[PDB]
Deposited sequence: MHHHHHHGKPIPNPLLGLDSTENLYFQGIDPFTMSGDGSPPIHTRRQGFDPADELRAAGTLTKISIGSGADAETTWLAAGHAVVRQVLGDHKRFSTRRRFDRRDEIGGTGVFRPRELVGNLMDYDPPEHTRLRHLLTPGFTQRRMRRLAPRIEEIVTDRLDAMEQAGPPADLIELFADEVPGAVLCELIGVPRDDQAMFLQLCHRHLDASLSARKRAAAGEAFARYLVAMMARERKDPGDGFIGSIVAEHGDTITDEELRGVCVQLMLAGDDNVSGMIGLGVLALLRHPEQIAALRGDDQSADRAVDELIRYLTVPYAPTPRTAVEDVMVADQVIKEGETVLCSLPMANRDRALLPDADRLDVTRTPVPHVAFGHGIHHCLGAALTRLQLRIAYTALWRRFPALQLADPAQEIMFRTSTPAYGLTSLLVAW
């Protein structure tokens, strides 16, 4: 009953999804191989992402996409995101405190996984801390757009040095308040469900492979390689933005007609034995590979650096606080999140 590409079995793609060919028609084309997915995503000239929506990079084609992304790129680099580390550490500590105060057992998803990403996003865009609580409540449920108008008005008149402030000070003439508001809305949508899914599933994956936890508190390479492997192995998004063929195009010896849609199975592409001979195995020590969990090509995840830093901080602080982290009952059923654009957990009752 659920769409083929959204079906999972544990941490893995479902058997019916595994049985699918490289490129087949489904009731829409489904690309389920690493090479074919990278071909489709890398072909931005023949495959368009296009179907409010203003500021949504996933709805832009070049040169319009190139222009808008250029203004956003500098505010998403590894070095710029490293500046948020203290605040991420603070947010994570606050949520760990909430778990510790509640005492064992506690729902890691409700108290930790579903709370961290939103708070980090508020810090990213520069929402004042006192307004952050109400900002998230209005955003999660669907005044929200009305608040952002007032936020852009402050920054345009008197620019700070944050995310919005740096854009309006340097390129205020080329970007509008409507575009800035749209960017912020889309950042909330693109960077909440994905990260919350990764926090939940990553914690469980590390519990299921507990010798691999120690990699997180090693040197920079050790920790980053651990996080990237978890990103690869879990591949939380089922698909990127649907790709529409602008013209007739031959992909994998099959003709994709103009107007037809192609869905890329990111989990299948990252389990492709052409990417890794043992792709179904979790190993935090393996050298990073060109996985497509953050996409491929011009639309590749803008929040990739933020995600890597946030997840590293989240996983590391969790076990530093709770070394004896465990499932509340060893035999408890894993509660998978299946109704959102990203795979995750709805609940994870943990003890320590």
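Legend entry - Deposited residues absent from the coordinates (by C-alpha): Since the structure holds only modelled residues, the stretches it omits are 1 to 38, 66 to 74, 99 to 115, 207 to 221.
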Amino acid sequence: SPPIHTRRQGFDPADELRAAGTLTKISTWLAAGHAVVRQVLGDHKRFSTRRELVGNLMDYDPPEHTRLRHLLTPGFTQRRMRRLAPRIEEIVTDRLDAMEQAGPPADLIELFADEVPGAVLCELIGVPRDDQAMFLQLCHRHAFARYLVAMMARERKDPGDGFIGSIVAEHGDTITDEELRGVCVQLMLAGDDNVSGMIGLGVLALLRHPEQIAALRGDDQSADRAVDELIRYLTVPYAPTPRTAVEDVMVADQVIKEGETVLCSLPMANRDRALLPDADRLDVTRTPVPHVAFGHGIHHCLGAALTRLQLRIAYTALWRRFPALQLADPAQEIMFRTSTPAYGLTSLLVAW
From here on, numbers count along this sequence of modelled residues.
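Inset, instruction - Could you check which stretch, 245 to 253 or 226 to 234, carries the larger mean CA temperature factor in the entry? - result: Mean C-alpha B-factor is greater for 245 to 253.
Inset, instruction - Higher average CA B factor in the deposited record is what I'm after, so tell me if that's 273 to 281 or 166 to 174. - result: Of 166 to 174 and 273 to 281, the stretch with the higher C-alpha B-factor average is 166 to 174.
Inset, instruction - Could you check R82, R146, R208, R217 and tell me which one carries the biggest Cα B-factor in the deposited entry? - result: Result of the comparison over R82, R146, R208, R217: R146.
Legend entry - Which of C139, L201, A113, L96 ranks first by CA B-factor in the deposited coordinates: It is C139.
Inset, instruction - Tell me, lowest, middle or highest third: where does the Cα B factor of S196 rank within its chain? - result: Tercile = lowest for this residue's CA B-factor.
Inset, instruction - Could you look up the Cα B-factor of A119 in the entry and say which third of the chain it sits in: lowest, middle or highest? - result: Within its chain, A119 is a middle-third residue by C-alpha B-factor, going by the deposited values.
Legend entry - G33, C-alpha B-factor rank within chain (lowest, middle or highest third): According to the entry, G33 has a C-alpha B-factor in the chain's middle third.
Inset, instruction - Determine, from the deposited record, the chain-internal third of the Cα B-factor for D107: lowest, middle or highest. - result: Answer is lowest: the recorded C-alpha B-factor places it there.
Inset, instruction - Check where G295 lands among this chain's C-alpha B-factors and tell me if it's the lowest, middle or highest third. - result: According to the entry, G295 has a C-alpha B-factor in the chain's lowest third.
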